[PDB]
Amino acid sequence: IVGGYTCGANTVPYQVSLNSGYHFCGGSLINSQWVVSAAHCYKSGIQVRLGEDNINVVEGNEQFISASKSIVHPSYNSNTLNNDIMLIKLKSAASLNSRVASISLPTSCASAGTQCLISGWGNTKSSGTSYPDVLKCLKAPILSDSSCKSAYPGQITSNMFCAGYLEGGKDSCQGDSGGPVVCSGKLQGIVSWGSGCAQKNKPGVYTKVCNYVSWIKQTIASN
Ligand SMILES: [Ca+2]
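Residues numbered from 1 in each chain as written, not as in the entry; some residues may be left out. Heavy atoms only, no water.

As recorded in the PDB header, X-ray crystallography is the method behind this entry, and the stated resolution is 1.498 Å.

A. Structural context of the state of the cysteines. Counted under the stated rule, the structure contains six disulfides. In this model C116 forms its disulfide with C183; the gap between the sulfur atoms is 2.0 Å. Across the S-S bond linking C116 and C183, the dihedral sits near 100 degrees, which makes this disulfide right-handed. Pair noted here: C116 is in strand β8 (residues 115-120) and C183 is in strand β11 (residues 180-183), with a separation of 67 residues, a long-range link. Across this residue pair, the class does not change: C116 and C183 are buried. When the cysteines engaged in disulfides are numbered in sequence order, the protein pairs them as 1-6, 2-3, 4-12, 5-10, 7-8, 9-11. (Disulfide = S-S within 2.5 Å. Helix = DSSP H or I, 4+ residues; strand = E, 2+ residues; numbered from the N terminus. Buried < 20%, exposed > 50% of the residue type's maximum accessible area, 1.4 Å probe, protein only.)

B. Quick look at the coordination of the calcium ion. Note on the calcium ion: its protein donors are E52 (OE), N54 (O), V57 (O) and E62 (OE). The metal-donor distances range over 2.3 Å. Counting the intervening residues between successive donors of the calcium ion yields the motif E-x1-N-x2-V-x4-E. A relative accessible area of 5% means that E52 is categorised as buried. Accessibility expressed as a relative area gives 42% for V57, which makes it partly exposed. (Donors = N, O, S within 2.8 Å, 3.2 Å for Na, K, Ca; no water.)

C. Geometry of the domain arrangement of the protein. For the protein, the assigned domains are domain 1 (1-12 + 103-210) and domain 2 (13-102 + 211-223). Averaged C-alpha coordinates put domain 1 and domain 2 at centres separated by 18 Å. Each side of the interface is counted separately: domain 1 has 38 residues, and domain 2 has 39 residues. Interface area for domain 1 against domain 2, summed over the two sides, is near 2900 Å², with a carbon-plus-sulfur share of 55%. When the buried surface of domain 1 facing domain 2 is broken down by residue, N10, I103 and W121 rank first, second and third, together holding 26% of it. Here domain 1 is connected to domain 2 by zero salt bridges. The set of elements that each furnish at least two residues to the side of domain 1 that touches domain 2 consists of β8, β11, β12 (186-193) and β13 (204-208). Tallying contributions element by element places β12 first for the side of domain 1 that touches domain 2, with five residues. Residue composition of the side of domain 1 that touches domain 2, by class: 20 nonpolar, 15 polar and three charged. (Domains from an automatic or database assignment. Contact = heavy atoms within 4.5 Å. Buried area = accessible area lost by both parts, 1.4 Å probe. Salt bridge = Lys/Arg side-chain N within 4 Å of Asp/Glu carboxyl O. Nonpolar A, V, L, I, M, F, W, Y, C, P; charged D, E, K, R; others polar.)

Pasting the structure below:
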């Protein structure tokens, strides 16, 4: 997260870190046994780390649980990042409490102008590299479909929305991928892609979660 703020420990209780020896992507806990992340975060050997603030210090609220199964969206295209969503089932159920909690799925899509909270352990510089140990946050609005398409000609599908600031300076970044965009208490987006980070006229691009709720629910019901 570029241009954000320190969230505060365990204030984003649905935020997870995906670990394969190291933090490599975010995710969102959607019930005691399932995480939503970005398909471009897929790899084998995932440990899901819940209840994290400092990802380099054991602070006392962590739950570390191996993935038992990963399910990349059937229609994920890694070239276009269309359908950039995956589900991860945990080998055991998380213990849910105030610091480790699921985030509600949307019943309806969000609209341009709604403010949302984007979070993660990704890069904090736009012309630099610095990776934080503690969770970072950014409040940002959803942008219009037309401004999104104008920023990224020929690239925005019906499964993508933009959020952030066209002026630059405030965005998600490398290492935030797979993490949440939460708007009025609902998971509306997944950190997906963008040209650089926090560049002028290059807002963040997010997977549009509301398009996937039917797939999420049926997948959970049969797995
Ligand atoms: Ca920790």
